[PDB]
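K.L.:
Could you have a look at this structure, given as structure tokens, before my questions?
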Amino acid sequence: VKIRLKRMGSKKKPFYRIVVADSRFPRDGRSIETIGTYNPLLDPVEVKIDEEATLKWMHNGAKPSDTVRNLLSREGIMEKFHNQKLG
Amino acid sequence: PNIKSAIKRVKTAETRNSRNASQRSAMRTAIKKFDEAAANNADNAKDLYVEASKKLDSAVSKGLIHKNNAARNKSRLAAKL
RNA sequence: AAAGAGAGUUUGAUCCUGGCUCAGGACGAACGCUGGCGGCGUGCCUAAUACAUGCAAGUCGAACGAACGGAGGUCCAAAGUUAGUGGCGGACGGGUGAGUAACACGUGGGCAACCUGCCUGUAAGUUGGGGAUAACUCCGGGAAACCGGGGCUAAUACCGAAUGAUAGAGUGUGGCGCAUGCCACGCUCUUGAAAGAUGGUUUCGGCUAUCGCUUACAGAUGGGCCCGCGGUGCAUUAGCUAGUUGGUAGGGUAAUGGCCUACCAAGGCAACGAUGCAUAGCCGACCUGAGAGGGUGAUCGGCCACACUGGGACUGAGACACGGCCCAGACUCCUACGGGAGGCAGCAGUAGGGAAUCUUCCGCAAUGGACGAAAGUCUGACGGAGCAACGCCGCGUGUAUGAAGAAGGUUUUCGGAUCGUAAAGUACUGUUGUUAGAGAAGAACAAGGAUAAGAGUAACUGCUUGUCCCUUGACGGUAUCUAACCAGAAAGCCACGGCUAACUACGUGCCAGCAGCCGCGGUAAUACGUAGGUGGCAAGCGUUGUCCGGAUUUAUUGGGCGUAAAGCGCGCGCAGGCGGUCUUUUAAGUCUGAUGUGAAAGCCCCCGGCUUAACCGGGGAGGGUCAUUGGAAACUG
Ligand SMILES: [Mg+2]
Ligand SMILES: [Mg+2]
Ligand SMILES: [Mg+2]
Ligand SMILES: [Mg+2]
Ligand SMILES: [Mg+2]
Ligand SMILES: [Mg+2]
Ligand SMILES: [Mg+2]
Ligand SMILES: [Mg+2]
Ligand SMILES: [Mg+2]
Ligand SMILES: [Mg+2]
Ligand SMILES: [Mg+2]
Ligand SMILES: [Mg+2]
Ligand SMILES: [Mg+2]
Ligand SMILES: [Mg+2]
Ligand SMILES: [Mg+2]
Ligand SMILES: [Mg+2]
Ligand SMILES: [Mg+2]
Ligand SMILES: [Mg+2]
Ligand SMILES: [Mg+2]
Ligand SMILES: [Mg+2]
Ligand SMILES: [Mg+2]
Ligand SMILES: [Mg+2]
Ligand SMILES: [Mg+2]
Ligand SMILES: [Mg+2]
Ligand SMILES: [Mg+2]
Ligand SMILES: [Mg+2]
Ligand SMILES: [Mg+2]
Ligand SMILES: [Mg+2]
Ligand SMILES: [Mg+2]
Ligand SMILES: [Mg+2]
Ligand SMILES: [Mg+2]
Ligand SMILES: [Mg+2]
Ligand SMILES: [Mg+2]
Ligand SMILES: [Mg+2]
Ligand SMILES: [Mg+2]
Ligand SMILES: [Mg+2]
Ligand SMILES: [Mg+2]
Ligand SMILES: [Mg+2]
Ligand SMILES: [Mg+2]
Ligand SMILES: [Mg+2]
Ligand SMILES: [Mg+2]
Ligand SMILES: [Mg+2]
Ligand SMILES: [Mg+2]
Ligand SMILES: [Mg+2]
Ligand SMILES: [Mg+2]
Ligand SMILES: [Mg+2]
Ligand SMILES: [Mg+2]
Ligand SMILES: [Mg+2]
Ligand SMILES: [Mg+2]
Ligand SMILES: [Mg+2]
Ligand SMILES: [Mg+2]
Ligand SMILES: [Mg+2]
Ligand SMILES: [Mg+2]
Ligand SMILES: [Mg+2]
Ligand SMILES: [Mg+2]
Ligand SMILES: [Mg+2]
Ligand SMILES: [Mg+2]
Ligand SMILES: [Mg+2]
Ligand SMILES: [Mg+2]
Ligand SMILES: [Mg+2]
Ligand SMILES: [Mg+2]
Ligand SMILES: [Mg+2]
Ligand SMILES: [Mg+2]
Ligand SMILES: [Mg+2]
Ligand SMILES: [Mg+2]
Ligand SMILES: [Mg+2]
Ligand SMILES: [Mg+2]
Ligand SMILES: [Mg+2]
Ligand SMILES: [Mg+2]
Ligand SMILES: [Mg+2]
Ligand SMILES: [Mg+2]
Ligand SMILES: [Mg+2]
Ligand SMILES: [Mg+2]
Ligand SMILES: [Mg+2]
Ligand SMILES: [Mg+2]
Ligand SMILES: [Mg+2]
Ligand SMILES: [Mg+2]
Ligand SMILES: [Mg+2]
Ligand SMILES: [Mg+2]
Ligand SMILES: [Mg+2]
Ligand SMILES: [Mg+2]
Ligand SMILES: [Mg+2]
Ligand SMILES: [Mg+2]
Ligand SMILES: [Mg+2]
Ligand SMILES: [Mg+2]
Ligand SMILES: [Mg+2]
Ligand SMILES: [Mg+2]
Ligand SMILES: [Mg+2]
């Protein structure tokens, strides 16, 4: 179980969905529950995320990827997760 | 085979096959002796029974039998006495 | 809010009935003529026919085998950065649609009848022994795949022991349910575990950090089994079945179950279509249609089955396993004739079949996988480039002016009309194009160094979070932009009697021929061939094949049976369909509210992003005789 990044859009124009799914499934195939969007083309990155289901999945054992970890850090999910673990 | 991993896997397959067959045969022979003793007269039987259960329990620790299988066999052959 | 077009054809003329044909839309399409560009997509529908060539699954030295500088002895050299056994992965990812009419799929449930490596959290423990074995080295069989024997050695390799069960039995208490039974706790006895590796500190003993290993309990995830309903042709296919139907005991599996065995009884399914034959993967969905319906399963997403044909098992948490193993069968290849090797329905590519379908290319930069503590390796997944007007969308081949009207074709009632403001001339632009230059996003990182704060500790090392420093592009000098030159380098196809938009002349003479139909051709042809003209579309235009519409031509929506096709020759009647009046009661049908669900993508509505569009993104809506449950009682029951 990983909160993954699914790619779609068009040729040379990618758009990404922050989604949780199993590591044995295809990248664009079956998934569990989408939570956010990620657009790389714009110079200021526009990332929307639930920030509530994400924490539940992190509590339940959903390890993210490198860029998903970076996004959760910038949006404050990782720091709040650390605070919840301490508290 | 034509993959470097397949040859190692098949060699490990024969090794594990020999080992598991040996332990499984030993456990079946212990069970057979116990049920032979239990079916006819009393004699030790119960004295055998203990180690028969042992042959099952350790087997679960080896990985060649399921825990539910061991519990089911132990309960089923415990009804003979 | 939605809401449906007809025409020709039986007759000397009519009106009905009825069939046939045409006018529209859509392809994974094919063929003919033709052909400028850009963006986004698609491309063996036939032989699940046979396969050259290369690449597609490997990785860990933190568990046991390297060159150099270089201790030491003008010569050789000790220690310091690189095969295999073992662990994990190969069951993912990728490809085909053969088989299958069935719990395979869709939808909705049940499991008090189940399993689950890795991932997360918690509670305990990682205490002591043994015997080996590859690798390596000798002896042989060897044509070669490779076989045996002798000796030697490690481990996170293997096997006992100490101790630890919510595992088996025996019991008790309490609370409970959907019959079998579930939950909390207590008592006695019998069994079942481990492995260490990289550092820190300390005294060095110890202690400690990270990754590890054993047992138990939850979460998450992925699977297993059972069930109600739903989706095809034939009755010129009427009986089928015997482990079949049920029970009593037993075996087996993770689990229930004739799943299997012995015994007992003769059952079970079927006109609400059993059994059999034929065809076919299923769905979200696609085409058409006013809608109801009809046809199909191309691309993409989910489930299922298969891997040359047939059978079987091992290892493993998970396989009866595309690139794993054994046997038989057909085919290809090597042989010293004893015997061996192989499976493109993986990515490219070859032969054959076809009316018909592509490069034997680049890269792990991005996303995601497997291994590892990390750097890192692999990844024909994937990100990209090449070919084909195969489809959708977008742009161009110039623009304004230029006359009773250049010149020349076509006709002429030979005065003229027509091509036609169309030309030349005139003034202008460069979307394309040529030449020369500037030239992005896609990049987040990971790791490495400092930091600041936490938990842990006797202290550290390390760990978690936060802030900075440095590094990374196949596409690719690609999109894009800037300047100079140029009307120059860029238009074709079908049709013209009616259906249906658009006519003149010549040639031919029931010949040549045209044709979807009415039908044209025998000397004055708007239908045959050509020329001029005109109409439609446009880098496309025509022809063919398949589906829907028109077709109310299977009529529930939406037809009929006196004479056009259509009432059995008549009766008695089983099953089935329907049923006079009133009252009380039930909620099966009926109507309605709430909960859960009907994935994503697709149609539709509103917003946006690409110079517009195609295209892409966000939100919303739609779709069920669906399960739980609360309501009303007019109507059918
Ligand atoms: Mg990443
Ligand atoms: Mg033991
Ligand atoms: Mg088990
Ligand atoms: Mg017609
Ligand atoms: Mg063509
Ligand atoms: Mg041409
Ligand atoms: Mg184009
Ligand atoms: Mg095919
Ligand atoms: Mg090695
Ligand atoms: Mg698959
Ligand atoms: Mg299919
Ligand atoms: Mg030892
Ligand atoms: Mg030894
Ligand atoms: Mg030794
Ligand atoms: Mg004990
Ligand atoms: Mg106890
Ligand atoms: Mg219950
Ligand atoms: Mg107790
Ligand atoms: Mg023991
Ligand atoms: Mg670690
Ligand atoms: Mg380790
Ligand atoms: Mg359907
Ligand atoms: Mg269908
Ligand atoms: Mg039974
Ligand atoms: Mg078929
Ligand atoms: Mg389409
Ligand atoms: Mg219609
Ligand atoms: Mg289709
Ligand atoms: Mg296909
Ligand atoms: Mg599909
Ligand atoms: Mg195959
Ligand atoms: Mg084949
Ligand atoms: Mg096994
Ligand atoms: Mg495989
Ligand atoms: Mg293959
Ligand atoms: Mg291929
Ligand atoms: Mg060919
Ligand atoms: Mg990569
Ligand atoms: Mg990666
Ligand atoms: Mg490789
Ligand atoms: Mg590909
Ligand atoms: Mg590609
Ligand atoms: Mg083509
Ligand atoms: Mg095109
Ligand atoms: Mg166009
Ligand atoms: Mg021109
Ligand atoms: Mg001009
Ligand atoms: Mg002009
Ligand atoms: Mg003339
Ligand atoms: Mg002009
Ligand atoms: Mg120049
Ligand atoms: Mg330059
Ligand atoms: Mg240039
Ligand atoms: Mg830190
Ligand atoms: Mg930091
Ligand atoms: Mg910076
Ligand atoms: Mg720096
Ligand atoms: Mg650097
Ligand atoms: Mg990188
Ligand atoms: Mg390059
Ligand atoms: Mg270049
Ligand atoms: Mg350019
Ligand atoms: Mg110039
Ligand atoms: Mg010039
Ligand atoms: Mg030019
Ligand atoms: Mg010019
Ligand atoms: Mg010009
Ligand atoms: Mg042209
Ligand atoms: Mg003509
Ligand atoms: Mg003409
Ligand atoms: Mg024209
Ligand atoms: Mg109809
Ligand atoms: Mg009629
Ligand atoms: Mg009548
Ligand atoms: Mg009649
Ligand atoms: Mg009559
Ligand atoms: Mg009659
Ligand atoms: Mg009658
Ligand atoms: Mg009746
Ligand atoms: Mg009545
Ligand atoms: Mg949907
Ligand atoms: Mg899709
Ligand atoms: Mg716009
Ligand atoms: Mg769209
Ligand atoms: Mg959308
Ligand atoms: Mg949407
Ligand atoms: Mg809607
Ligand atoms: Mg009443």
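Values in this text are rule-based calculations from the coordinates and carry no lab data. Cβ atoms come from the backbone with ideal geometry, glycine included; neighbour counts cover every protein chain shown.
K.L.:
Work out the P(r) tail for chain A: percent of alpha carbon pairs separated by more than 21 Å, whole number.
P.N.:
Numbers: 1081 of 3741 pairs.
Pairs farther apart than 21 Å: 29 percent.
K.L.:
Normalised by the residues of chain B, what does the relative contact order come to in percent, with Cα pairs under 8 Å and at least six apart?
P.N.:
Working: 35 pairs, mean separation 21.5, N = 81.
Result for chain B is 27 percent.
K.L.:
Please identify which residues in the stretch A:33-57 have an amide N closer than 15 Å to a label point set 7 Å out from the Cα of A:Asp66, following the Cα→Cβ vector.
P.N.:
Answer for the stretch A:33-57: none.
K.L.:
Moving on. Please report, in whole Å, how far the alpha carbons of the protein assembly as shown spread along each principal axis, starting with the longest.
P.N.:
87, 52, 25
K.L.:
Which value at 222 nm does chain B reach when only helices count, each DSSP H run of 4 or more adding -39,500 (n - 2.57), with the total divided by all residues and rounded to the nearest 500 deg cm²/dmol?
P.N.:
Theoretical 222 nm ellipticity from helices: -28000 deg cm²/dmol.
K.L.:
Then there's this: How far is helix B:46-62 tilted off the main Cα axis of chain B, in degrees rounded to 10, range 0 to 90?
P.N.:
Long axis of B:46-62 versus the principal axis of chain B: about 20 degrees.
K.L.:
I'd like the orientation of helix B:67-78 relative to chain B: the angle between its Cα long axis and the longest Cα principal axis, in ° from 0 to 90, rounded to 10.
P.N.:
For B:67-78 against chain B, the angle is about 30 degrees.
K.L.:
Separate question: Can you give the net charge of the other residues whose Cβ lies under 14 Å from the Cβ of A:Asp50, counting K and R as +1 and D and E as -1?
P.N.:
Once all neighbours under 14 Å are counted, the net charge is 0.
K.L.:
Which number do you get for Rg(Cα) / (2.2 N^0.38 Å) in the stretch B:4-81?
P.N.:
My calculation over the Cα atoms of the stretch B:4-81 gives 1.37.
K.L.:
Quick one: Cα centre-to-centre distance for the stretch A:70-84 and the stretch B:27-81, in angstrom?
P.N.:
55 Å
K.L.:
Pop the C-beta distance of B:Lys8 and B:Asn68 into the FRET formula with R0 = 25 Å and round what comes out to the nearest 0.05.
P.N.:
Approximately 0.20, to the nearest 0.05.
K.L.:
From the phi angles alone, apply the Karplus equation (6.51, -1.76, 1.60; θ = phi - 60°) to the stretch A:43-50 and give each ³J(HN,Hα) in whole Hz, x where the residue is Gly or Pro.
P.N.:
4, x, 5, 9, 10, 10, 8, 5
K.L.:
Can you give me the angle between helix B:4-39 and the longest principal axis of chain B, using Cα atoms only, in degrees from 0 to 90, rounded to the nearest 10?
P.N.:
Rounded to the nearest ten degrees, it is 10.
K.L.:
Using mean Cβ contacts within 10 Å as the protection proxy, how do A:70-80, A:26-36, B:1-11 order, highest first?
P.N.:
With the highest mean Cβ count within 10 Å placed first, the list reads A:70-80, A:26-36, B:1-11.
K.L.:
For B:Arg16 and B:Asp57, what does the FRET efficiency come to when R0 = 30 Å and r is the distance between their Cβ atoms, rounded to the nearest 0.05?
P.N.:
Between B:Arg16 and B:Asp57 the formula returns 0.90.
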